[PDB]
Every structure is written in structure tokens, then in C-alpha cells.
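Below you'll find the structure, written out as C-alpha cells, and then a few comments.
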Amino acid sequence: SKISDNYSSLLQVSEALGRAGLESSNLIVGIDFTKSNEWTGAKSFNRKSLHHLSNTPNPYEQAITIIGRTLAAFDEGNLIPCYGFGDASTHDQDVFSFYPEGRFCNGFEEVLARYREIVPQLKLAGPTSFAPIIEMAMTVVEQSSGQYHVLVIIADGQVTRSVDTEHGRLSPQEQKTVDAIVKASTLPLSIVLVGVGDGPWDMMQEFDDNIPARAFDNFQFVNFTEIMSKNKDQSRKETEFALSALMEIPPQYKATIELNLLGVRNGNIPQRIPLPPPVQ
Ligand SMILES: [Ca+2]
Ligand SMILES: [Ca+2]
Ligand SMILES: [Ca+2]
Ligand SMILES: [Mg+2]
């Protein structure tokens, strides 16, 4: 079924996870390095690229930071695989790992630093598909033999489509991404989409709420730019991000149990190999 917002506070989600008996989880990070990032900051980031580095934090950095402050507990070893995608070296075909021989990030401090070290060495390209980052997360979950993971994707949300067409028919990047979201539901994987820039967000909301062919609701959408733009403290913006990020975790974790996915190896998950980072 489709999972509504069933928690109105951060504490409520805590308690549901407590009743759910969650003992173990890990995180995987995916970052959109597609070229749309250069204009999806028109309204929300002062006509600067969403990946532009300067004296002020860009929205990817804010997301990397807020994520580190709020969601940290959900990676049991503070060791996080990270992956870029959409850059010139992977296009809509591959991902690349943040580090040469697979090595993971030591906490989100490193994710922020490694992100800073990397993004201006990149050619932002495309097209935009989520199929490779999601298939990479699948391989990850499959190799740990069914250990529960949450995939956090930070992206401007503009998966490649055509403007008109209004067909309601899917581009190749739309079909491969949807086919991935459906395939991922045969594994203990939660997907969390952290959306930055101006949007529009109608596709991300479709991924969140309306993907009939999947076995359970495995996708959540977070409008980061909405949460940040609001009228309140920095504290309460972080609580709000965390509630939004975690809103579907308890149902989805229970689904991985009731659908027999947790700790179960699927056996039909193709082994995706990440590319090394295209950097120095
Ligand atoms: Ca981990
Ligand atoms: Ca959902
Ligand atoms: Ca939702
Ligand atoms: Mg794009």
C-alpha cells in the first residue's frame, strides 16, 4: 500500500521504531551531479549552481550537514558508502564511489569534505536517471545478505523526461528509474529522496506516492528547500527534516519483515560495480 504521514513529531517516530524493535541499520549516500543543478537554483539559490562552492553553503552541503546532525544514529558503524552520479564519467549509466578502491566515508564530516574536494573537479553532465544509484544500493544490500539499508539521495529532482510529451508516457530514464524502484522492493531497502533547488517536484511526489507495481512503499520524498525556507529556528528546521526523512522508516522496516526481505538474500540482483572517482 501507500504510506501516509502517520507521525506528527520526531518522538512519535522514535517510539514506533522502539516498538518495531529496530536493532540495526545502515546508510547509503547518492549525490546528483547532473547539469540541471546549474539552473535548478534560479529561485532558491540566487541564480547560482546548486553545486557552486563559496563563502555560503550550497544546498547539497546544507543537506549533507543536516543529515549528519539528525540521521547519524541510523548508520551503526558511522561508515557510509557514498556515490556520485550524472557526472561526465557515468552519465545515466553508472555511479562512481567517493573513494578509489571502494573505501567508505568516516562519518558525514568526511562526506562534506570529500564532497567539497570532489565537485569542482567534475563536469556536470547527464542525462538524469536514478536507476544506477538505486541499483548500486541494491547490490550493496544484496552483498551484506539482506541487511536493512536506507538509501539517501540528494538531487534536484529533474529526472530526464520530455517537456511535451504530456503523454503520461515514460522517457527511458523514467522507465529505468521506476523499474529500479520496483526491483528494489524485492529487498530490505528504504529510499529517501532529499530534494534541493527549485524543483518542480511532481515526479518525486509520484515516486513517493504512486508506483503501483512495487511490493511496498519504499520511497519517501523530502523537500529540503521548503523545510529550510520556512519561518523558524535552526533547531526546529532540523527536527522537521528528521521527521520528514524518517516518516516512512517504521512502516517500511516492518514491511521488510512481513514480506520476508530482512536478512534474506534475493539471488537475482545483478552485481553493479561503481566507477572510481574521476579526480586526483
Ligand atoms: Ca554503515
Ligand atoms: Ca512513500
Ligand atoms: Ca511520503
Ligand atoms: Mg538533471
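All values below were derived from every heavy atom in this structure, side-chain atoms included, with hydrogens, water molecules and symmetry-related copies excluded. FYI, the numbering just counts along the sequence from 1.
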Could you list the donor-acceptor pairs under 3.5 angstrom formed between side-chain atoms of residues 122-129 and any protein atom two or more places apart in sequence or on another chain?
residue: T128; atom: OG1; partner: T34; partner atom: OG1; Å: 3.1
residue: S129; atom: OG; partner: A131; partner atom: N; Å: 3.2
residue: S129; atom: OG; partner: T177; partner atom: OG1; Å: 3.4

Residue list, salt bridge (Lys or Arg N to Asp or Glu O under 4.0 Å) with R69, at least two apart or on another chain: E238
Going by atom type alone, with no hydrogens or angles, which donor-acceptor pairs under 3.5 Å involve a side-chain atom of residues 240-248 and a protein atom two or more places apart or on another chain?
residue: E240; atom: OE1; partner: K232; partner atom: NZ; Å: 3.2
residue: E240; atom: OE2; partner: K232; partner atom: NZ; Å: 3.2
residue: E248; atom: OE1; partner: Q252; partner atom: NE2; Å: 2.9

Start with the C-alpha gap between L187 and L261, add the side-chain angles, then the distance that decides, and say whether side-chain contact (heavy atoms from CB on, under 4.5 Å) holds. CA-CA 5 Å; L187 294 165; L261 314 180; 5.8 Å; no
Applying salt bridge (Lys or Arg N to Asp or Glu O under 4.0 Å) to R114 and not counting sequence neighbours gives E117
Tell me the side chain to side chain donor-acceptor pair (under 3.5 Å) pairs involving residues 10-22, sequence neighbours left out? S8-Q12
Exercise: identify the closest heavy-atom pair between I154 and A63: CG2-CB, 3.8 Å
Could you list who else is in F104's hydrophobic cluster, with ILVMFWY side chains joined at under 4.5 Å, directly or through other members? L79
Heavy atoms of other groups near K48 NZ, more than 12 under 6.0 Å: no
Please report the shortest heavy-atom distance between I133 and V29, naming the atom on each side. CD1-O, 4.3 Å
Where do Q205 and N210 land on the side-chain contact (heavy atoms from CB on, under 4.5 Å) test, with the steps shown first? CA-CA 8 Å; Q205 284 148 349; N210 187 64; over 6 Å; no
Modelled atom types, side-chain donor and acceptor of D87 and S89, under 3.5 Å: yes
Contacts of type ring-ring contact (aromatic ring centres under 6.0 Å, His included), residue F98, not counting sequence neighbours: none
Any donor-acceptor N or O pair under 3.5 Å, side chains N26, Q147: no
Who else is in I273's hydrophobic cluster (ILVMFWY, side-chain heavy atoms under 4.5 Å, direct or via others)? none
Using the ring of each side chain (for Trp, its six-membered ring), is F85 parallel, tilted or perpendicular to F130, with breaks at 30° and 60°? perpendicular
Any donor-acceptor N/O pair, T139 side chain to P270 backbone, under 3.5 Å: yes
Establish, from distance only, whether the side-chain atoms of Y60 and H52 form a donor-acceptor pair under 3.5 Å. no
For residues 178-185, tabulate all N or O donor-acceptor pairs below 3.5 Å that involve a side-chain atom, not counting sequence neighbours.
residue: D179; atom: OD1; partner: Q175; partner atom: NE2; Å: 2.8
residue: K183; atom: NZ; partner: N268; partner atom: O; Å: 2.9
residue: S185; atom: OG; partner: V182; partner atom: O; Å: 2.7
residue: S185; atom: OG; partner: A215; partner atom: N; Å: 3.0

Pairwise ring pair (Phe, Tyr, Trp, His ring centres under 6.0 Å) hits with a residue in residues 133-173, at least two apart: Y148-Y253
Does the ring-ring contact (aromatic ring centres under 6.0 Å, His included) test come out yes or no for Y115 and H51, once each step is laid out? CA-CA 10 Å; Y115 160 82; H51 278 292; 5.5 Å; yes
Run the side-chain contact (heavy atoms from CB on, under 4.5 Å) check on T40 and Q158 step by step: do they pass? CA-CA 9 Å; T40 41; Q158 307 322 296; 3.7 Å; yes
Between the side chains of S44 and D198, does any donor sit under 3.5 Å from an acceptor? yes
Before accepting this row, confirm whether a basic side-chain N of the pair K2/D217 lies closer than 4.0 Å to the acidic partner's carboxylate O. no
For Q234, I'd like to know if atom CD has over 12 heavy atoms of other residues, nucleotides or ligands within 6.0 Å. yes
Rounded distance (nearest 0.5 Å) linking atom CG of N37 with atom CG of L50: 5.0 Å
Derivation and outcome, side-chain contact (heavy atoms from CB on, under 4.5 Å), residues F216 and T256: CA-CA 9 Å; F216 71 89; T256 67; 4.2 Å; yes
Given the options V192, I3, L193, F219 meets side chain to side chain contact (heavy atoms under 4.5 Å, CB included) only with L193
Kindly give the heavy-atom pair with the smallest separation between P251 and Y7, and that separation in Å. CD-OH, 3.6 Å
Tell me the salt bridge (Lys or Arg N to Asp or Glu O under 4.0 Å) pairs involving residues 88-107, sequence neighbours left out? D94-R272, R103-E110
Summary of salt bridge (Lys or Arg N to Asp or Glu O under 4.0 Å) pairs that have at least one residue in residues 141-159, sequence neighbours excluded: none
Backbone of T160 reached by a side-chain donor or acceptor of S171 within 3.5 Å: yes
